Structure formats: structure tokens, C-alpha cells
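*Asks:*
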Amino acid sequence: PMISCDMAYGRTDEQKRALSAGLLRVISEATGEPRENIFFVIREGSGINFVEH
Amino acid sequence: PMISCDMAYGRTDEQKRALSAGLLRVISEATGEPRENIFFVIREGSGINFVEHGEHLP
Amino acid sequence: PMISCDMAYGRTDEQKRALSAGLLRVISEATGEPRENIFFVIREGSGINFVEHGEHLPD
Amino acid sequence: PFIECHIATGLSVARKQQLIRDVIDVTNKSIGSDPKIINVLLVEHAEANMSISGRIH
Amino acid sequence: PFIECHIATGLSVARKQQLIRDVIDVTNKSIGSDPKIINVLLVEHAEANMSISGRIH
Amino acid sequence: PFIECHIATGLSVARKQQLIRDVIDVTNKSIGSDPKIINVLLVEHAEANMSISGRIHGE
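Residue numbers (UniProt numbering), protein chains in the order written: chain E, 2 to 54; chain W, 2 to 59; chain R, 2 to 60; chain F, 2 to 58; chain G, 2 to 58; chain P, 2 to 60.
#1: Return the bridge partner residues of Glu45 (chain G) from the DSSP annotation.
#2: Taking Cβ to Cβ, would you say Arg36 (chain R) is nearer than 8 angstroms to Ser29 (chain R)?
#3: For a cutoff of 8 angstroms on Cβ pairs, would you count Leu42 (chain P) as touching chain E?
#4: Using the rule of at least 16 other Cβ atoms within 10 Å of the residue's Cβ for burial, across every protein chain shown, is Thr28 (chain F) buried or exposed?
#5: I'd like the list of long-range same chain contacts for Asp35 (chain G), defined as Cβ closer than 7 angstroms, with 5 residues on each side in sequence excluded.
#6: In this structure, how does DSSP classify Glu15 (chain W) when only helix, strand and coil are distinguished?
#7: For the beta strand (DSSP E) holding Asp7 (chain W), just list the boundary residues, first then last.
#8: With H, G and I counted as helix, E and B as strand and the rest as coil, what does DSSP make of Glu53 (chain R)?
#9: By the three-class DSSP mapping on this structure, what secondary structure does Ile43 (chain W) have?
#10: What separation, rounded to the nearest whole angstrom, lies between the Cα atoms of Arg18 (chain E) and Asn38 (chain E)?
#11: For a cutoff of 8 angstroms on Cβ pairs, would you count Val42 (chain W) as touching chain G?
#12: Do you know offhand how far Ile8 (chain G)'s Cα is from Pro2 (chain E)'s?
#13: Looking at C-alpha atoms only, which residue of W:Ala31, W:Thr13, W:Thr32 is the closest neighbour of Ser31 (chain F)?
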């Protein structure tokens, strides 16, 4: 699997590690693929670069 | 819906507001979906990171 | 065609040129599309932003 | 630039081609990019494969 | 945020729906995002179209 | 790294598999990545759904 998250800049390295641990677990459990088989990238930007509702 | 735009650094805040507004409007009209149902992200990079017409950008 | 590469910061412009030349050649040859029709973007991030083989990358 | 748009399945081919045309137009008019350098990718998905604002279809 | 997940085809509709529910929950718990700004796209692919760990299917 | 390739539908499965092999090799040779951490995704689209350089399929 390959997972990406585009999100506002500002989260701590600890929060990012929590994010990845959760996403890796849930994707791994749903697909049945080992955590080592799931790639994850976080892409960050400032607020002018996001329109969220 | 979800919209992303990968482009070079340098656009003004005014230009990015025009872009997001123009994009959300056309996607909303095409899909019947309200503007609030449309995620948008701009992802910026420097010239070396883009290859257009087979050449890296300045 | 449109190609993207998400990778860790740190590659030189020379490496990025090698990478693009190689990808455009292989995609063009596989696809039958001219090189000028193949858009390529590289997206860079710091180590904490990547998880590969189960672990966040160092810088 | 490269604009990638993810929408639900259900539009006609005509409508989608008009959408692409209009994306190119608005990108040109607001950030100033020549149509010659604008790339657009439209991808359609089943509603079940998308969550807008934490909502499950 | 926008979380895009590329997985192999093969899951039930029920399983994918749970996966989207689980992605939303995890995102909210870990980085504090209101589910109202959490957007999820699940994309399925043939195994031949993907390589993980350099492996050709 | 993660390479995502968007191309037109029309390639055979054999041809697609070699393309993926070739992307992995190009990436390893240019950027140094262990092939085991090079992830490649190939996505095929109808021509009508892609515009390169402002062009509309047909016209």
C-alpha cells in the first residue's frame, strides 16, 4: 500500500509518529499486508495552500 | 471532491485565492457538489523539481 | 503522462537531472509518448515525513 | 503546473471535457500559466471510496 | 487533511468502509483534526500495477 | 521513495511490469535508493481524462 497525507504545517514529530502508527496499523489490518509493505508520506504547507471545510 | 495543484513557488496570496476560488467554482458547478465538499491543496517546489516540455524549469 | 517522485531532501540538481532523464526515457519508450509529453514533479520532505519499511527516516 | 481532480463517477464525457477546459481556463486566468504548460488529470471514483469531511457514504 | 490510500483490489465494500472509518478516527486522535476537515480517498489497483519493496507482483 | 506514474490505458501486463522494473532501476541508479524501499504505482486512464500541455483529447 501507499498512503499520503496532505496537511497544514504545525504538527510535532511526536504527533506525526502517532499518525503513522495508527494509519500503518489500520491499513495493515484491513489489507492484511505487513506494516513494512505500507509506504507513508506527509506533505505539509502553510494555510494559503489549503482550502478545507 | 479533492483538487491538488503542483506548481512553482512565487504566486502571490491574491493569485492563490483567485486559483482556489476559480477551481472550487468550476468543480462545484460541474459536479453539483457544494464548495465545502471540495478539498484543495497547492504543493509548491523550486524549478529543478519540475520538468515541463522535457526540460527542468528555471 | 504525469509522473511524480516523493523523496527525502538532499539530492543534488545533477541527481535530479539523471533521475528525470532516466524516467522520461523509460516512460516514453514504454508508452510511445514523446518526452515533451511527460510532466514530472519531484516532491521533497524531511525524514520525519517518510515511513519506509515501517520506520520514519532520519535526516 | 499539474492539477489533479478527484470527483465522483456520474458525469457525461461531454461535461468532463468541459470541466477540463474550464480548469485550464481558470488556472491560466488566476496564476497566469500559459495553456501550453498546464496539465490536468481528472480521476473518477465510486462514492463509497471517498470520505468528504469525515462522512461515510 | 487529505489522506489518499492506494491498496490492492480485493476488499469487500464493508471492509473498505470500515477502513475509511478507521483512517478518520486515527487522524483525529493523533493530530487533533476535526473530522469535518478530514478527507479520505481510497484507490484500488491491480497487483500488477503496484510494486512494494521493489517486488514485481 | 514513491513514484506514481499516470499513463494512458493500452499497455499489456508484461509491458507494464517491465516499466515498473525499469522505474525501480532508474531510481536506484540515480538516487541510490535500495530497490526494496522504492515503491512504484502505475495508474492507467482514459485519454479523454488527461490533458497534457492544455490539449483536449480529440480537440
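We treat Cβ as the ideally placed atom computed from N, Cα and C, and that holds for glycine.
*Replies:* In short:
#1: G:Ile8
#2: Cβ atoms of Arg36 (chain R) and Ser29 (chain R): closer than 8 angstroms.
#3: True, the Cβ-Cβ gap to chain E drops below 8 angstroms.
#4: buried
#5: none
#6: helix
#7: 3-9
#8: strand
#9: Looking at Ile43 (chain W) - three-state DSSP - the assignment turns out to be strand.
#10: 17 angstroms
#11: yes
#12: 5 angstroms
#13: For the residues W:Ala31, W:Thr13, W:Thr32, the minimum Cα distance to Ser31 (chain F) belongs to W:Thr13.
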